[PDB]
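Everything in the sequence shown is counted per PDB author numbering, starting at 7 for the first residue and increasing by one.
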Amino acid sequence: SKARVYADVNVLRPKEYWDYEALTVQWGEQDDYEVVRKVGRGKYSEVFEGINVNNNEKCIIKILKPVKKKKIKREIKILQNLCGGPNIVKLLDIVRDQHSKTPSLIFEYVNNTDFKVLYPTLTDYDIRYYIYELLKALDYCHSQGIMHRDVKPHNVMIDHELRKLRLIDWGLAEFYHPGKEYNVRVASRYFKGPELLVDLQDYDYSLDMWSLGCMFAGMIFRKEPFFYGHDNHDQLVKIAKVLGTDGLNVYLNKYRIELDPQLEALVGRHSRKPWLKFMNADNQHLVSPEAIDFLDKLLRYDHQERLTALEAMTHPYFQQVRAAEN
Ligand SMILES: CNC(=O)CSc1nc2c(Br)c(Br)c(Br)c(Br)c2n1C
Numbered sequence: 007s008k009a010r011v012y013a014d015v016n017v018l019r020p021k022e023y024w025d026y027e028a029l030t031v032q033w034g035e036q037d038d039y040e041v042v043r044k045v046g047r048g049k050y051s052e053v054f055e056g057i058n059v060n061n062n063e064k065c066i067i068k069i070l071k072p073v074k075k076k077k078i079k080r081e082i083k084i085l086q087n088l089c090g091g092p093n094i095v096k097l098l099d100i101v102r103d104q105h106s107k108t109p110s111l112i113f114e115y116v117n118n119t120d121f122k123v124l125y126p127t128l129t130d131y132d133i134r135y136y137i138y139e140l141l142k143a144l145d146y147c148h149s150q151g152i153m154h155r156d157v158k159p160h161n162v163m164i165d166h167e168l169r170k171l172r173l174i175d176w177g178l179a180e181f182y183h184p185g186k187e188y189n190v191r192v193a194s195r196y197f198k199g200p201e202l203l204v205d206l207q208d209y210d211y212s213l214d215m216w217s218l219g220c221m222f223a224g225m226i227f228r229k230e231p232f233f234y235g236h237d238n239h240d241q242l243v244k245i246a247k248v249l250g251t252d253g254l255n256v257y258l259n260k261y262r263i264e265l266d267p268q269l270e271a272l273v274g275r276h277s278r279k280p281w282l283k284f285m286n287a288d289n290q291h292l293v294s295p296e297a298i299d300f301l302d303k304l305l306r307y308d309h310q311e312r313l314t315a316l317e318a319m320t321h322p323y324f325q326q327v328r329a330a331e332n
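Structure representation (structure tokens):
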């Protein structure tokens, strides 16, 4: 398996672009940035609104929990490489506490509204609009040789007043090398691609498109998360029971993958269940023909069949968004 677009990006670029292990961090000044209030947390970091004391400009301060140097350099290198791209969070500085050596990444401030609260307020048009903005970011990172590998609403910061979107948390992100084979324990559970749940390791940018399709199905059908499985095996069952097992079996044999007796056992046998079955009164104002056609083109087992980010941006679904922009 190789990517159908942008397969040769890191091949033509000089080694220093993608050789993140050879980066030497140029640590800024811890004191320039003061923590103002906690705004979030996850498995690998704590996140604070901050102030730059030099210029009194707001910022985001990401304090990293203890992390291997290899892996923080990967996140730093990817951030530097994408800094300035459309809707990509901007890294501004990297600093460390002198005593304990605990690193903090400093970013542009985005006044986010949490998705659990934001997304049920979105009109059919805002959904179009914000999904388009997020597609610009994925196209750009893909065109630069990078897979984000952790697309989810928690990783998409939205200032809904400025109509502004940033893709954040590049901590699971990786450079793309044709036919290189990758760790499958990436993404977060509800957003993992079939490729991940079946041990297909030579995956690519297309993995972020599955994750975007999960996010999008969540939004138009008002069902967050869309595929709600308890552990990884349960995750593939939840998908199978929507896409049907027939399509899974053809996927499995194209890429020559055997599905582990117990997993095979768990998945069983299922009809495909039409996208229209998820329609109800709460969600009806969001589930038009064009939304479904687009969703159907993202949530395909076969990662090679999914639309690329550049294709998605052209689909008739976003025609009003393009026209406003042009
Ligand atoms: C692991 N999950 C979290 O930390 C969620 S809370 C949160 N993390 C943020 C990060 Br990182 C950046 Br960068 C920016 Br900009 C904003 Br705004 C963030 N907010 C609100």
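For each residue, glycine too, the CB sits at the ideal point set by N, CA and C.
Given residue i as reference, the closest of the options once Cα atoms are compared
{"i": "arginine 80", "options": "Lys229, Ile152, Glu270 and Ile57", "result": "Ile152"}
{"i": "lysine 44", "options": "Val31, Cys65 and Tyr26", "result": "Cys65"}
{"i": "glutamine 36", "options": "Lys75, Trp24, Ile78 and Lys68", "result": "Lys68"}
{"i": "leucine 178", "options": "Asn189, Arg169 and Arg172", "result": "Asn189"}
{"i": "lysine 122", "options": "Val11, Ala143 and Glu230", "result": "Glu230"}
{"i": "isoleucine 100", "options": "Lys74, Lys83 and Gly91", "result": "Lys83"}
{"i": "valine 243", "options": "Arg278, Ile226, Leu18 and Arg262", "result": "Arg278"}
{"i": "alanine 297", "options": "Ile226, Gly235, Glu264 and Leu203", "result": "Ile226"}
{"i": "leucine 124", "options": "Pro92, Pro322, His160 and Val293", "result": "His160"}
{"i": "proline 322", "options": "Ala28, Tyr135, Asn62 and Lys260", "result": "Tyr135"}
{"i": "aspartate 120", "options": "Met163, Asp130 and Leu304", "result": "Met163"}
{"i": "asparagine 289", "options": "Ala329, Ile133, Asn16 and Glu52", "result": "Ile133"}
{"i": "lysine 170", "options": "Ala223, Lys186 and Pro92", "result": "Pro92"}
{"i": "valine 293", "options": "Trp281, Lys303 and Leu304", "result": "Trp281"}
{"i": "residue 4", "options": "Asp237, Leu168 and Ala223", "result": "The shown model of the chain, from 7 to 332, leaves out residue 4, and the question about it has no answer."}
{"i": "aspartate 240", "options": "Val41, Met285 and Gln268", "result": "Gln268"}
{"i": "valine 73", "options": "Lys49, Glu187, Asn61 and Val59", "result": "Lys49"}
{"i": "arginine 172", "options": "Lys186, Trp33, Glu187 and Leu85", "result": "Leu85"}
{"i": "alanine 287", "options": "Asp299, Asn332 and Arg228", "result": "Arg228"}
{"i": "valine 59", "options": "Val41, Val204 and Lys21", "result": "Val41"}
{"i": "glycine 224", "options": "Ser51, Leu301, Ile174 and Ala13", "result": "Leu301"}
Sequence-distant residues of its chain with Cβ nearer than 7 Å to residue i (five each side left out)
{"i": "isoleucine 245", "result": "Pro200 and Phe233"}
{"i": "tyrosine 257", "result": "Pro200, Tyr307 and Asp308"}
{"i": "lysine 96", "result": "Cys89, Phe113 and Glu114"}
{"i": "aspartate 103", "result": "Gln36"}
{"i": "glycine 46", "result": "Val53"}
{"i": "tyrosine 138", "result": "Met319, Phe324 and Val327"}
{"i": "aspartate 130", "result": "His291 and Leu292"}
Close Cβ partners of residue i (< 8 Å) along its chain, the five nearest in sequence each way excluded
{"i": "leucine 88", "result": "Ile94, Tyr146, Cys147, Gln150, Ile152 and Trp176"}
{"i": "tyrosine 23", "result": "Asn16, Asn87 and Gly151"}
Close Cβ partners of residue i (< 6 Å) along its chain, the five nearest in sequence each way excluded
{"i": "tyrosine 211", "result": "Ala9, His148 and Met153"}
{"i": "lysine 158", "result": "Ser194 and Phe197"}
{"i": "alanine 315", "result": "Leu141, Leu144, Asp145 and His148"}
{"i": "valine 11", "result": "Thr314"}
{"i": "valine 192", "result": "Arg155 and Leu178"}
{"i": "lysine 283", "result": "none"}
{"i": "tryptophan 216", "result": "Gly199"}
Integer-rounded CB distance, given that residue j should sit under 8 Å from residue i
{"i": "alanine 318", "j": "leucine 141", "result": "5 Å"}
{"i": "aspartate 165", "j": "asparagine 117", "result": "5 Å"}
{"i": "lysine 76", "j": "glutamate 27", "result": "6 Å"}
{"i": "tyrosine 261", "j": "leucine 218", "result": "Not a contact, Cβ separation roughly 21 Å."}
{"i": "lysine 247", "j": "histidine 276", "result": "5 Å"}
Closer than 7 Å: residue i CB and nearest ligand 2 heavy atom
{"i": "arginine 134", "result": "As for ligand 2, it is missing from this structure, which binds only ligand 1."}
Problem - Unbroken stretches of the beta strand (DSSP E), 3 residues or longer, contained in the stretch 72 to 160 - result: Listed in chain order, the complete beta strand (DSSP E) runs (minimum 3 residues) inside the stretch 72 to 160 are 97 to 102 and 109 to 113.
Problem - 4-residue-minimum alpha helix (DSSP H) runs that sit fully inside the stretch 149 to 224, ordered along the chain - result: DSSP runs (the alpha helix (DSSP H)) wholly in the stretch 149 to 224: 200 to 203.
Practice task
Report yes or no: do the stretch 106 to 113 and the stretch 266 to 280 share at least 3 C-beta pairs separated by less than 8 Å?
Solution key: With a cut-off of 8 Å, the stretch 266 to 280 and the stretch 106 to 113 do not count as touching, because too few Cβ pairs lie within range.
Problem - Length-filtered (4 minimum) alpha helix (DSSP H) runs lying within the stretch 7 to 35 - result: Fully contained in the stretch 7 to 35 are the following alpha helix (DSSP H) runs of length 4 or more, in chain order: 15 to 18 and 21 to 24.
Practice task
Evaluate contact between the stretch 306 to 321 and the stretch 248 to 263, counting only Cβ atoms and requiring at least three cross-stretch pairs below 8 Å.
Solution key: Result yes; three or more Cβ-Cβ pairs closer than 8 Å.
Exercise for the section: Say whether the stretch 179 to 188 touches the stretch 203 to 210, bearing in mind that this needs 3 or more beta-carbon pairs closer than 8 Å, one atom from each stretch. Expected result: Because the criterion of three Cβ pairs below 8 Å is met, the stretch 179 to 188 and the stretch 203 to 210 touch.
Exercise for the section: Could you pull out every unbroken alpha helix (DSSP H) segment of at least 4 residues lying fully inside the stretch 245 to 275, listed in chain order? Expected result: As far as the stretch 245 to 275 is concerned, its whole alpha helix (DSSP H) runs of at least 4 residues are 252 to 260 and 267 to 273.
Handout entry: Whole alpha helix (DSSP H) elements within the stretch 274 to 331, 4-residue minimum
Key = Restricting attention to alpha helix (DSSP H) runs no shorter than 4 residues, the stretch 274 to 331 encloses them at 295 to 304, 315 to 319 and 325 to 331, ordered along the chain.
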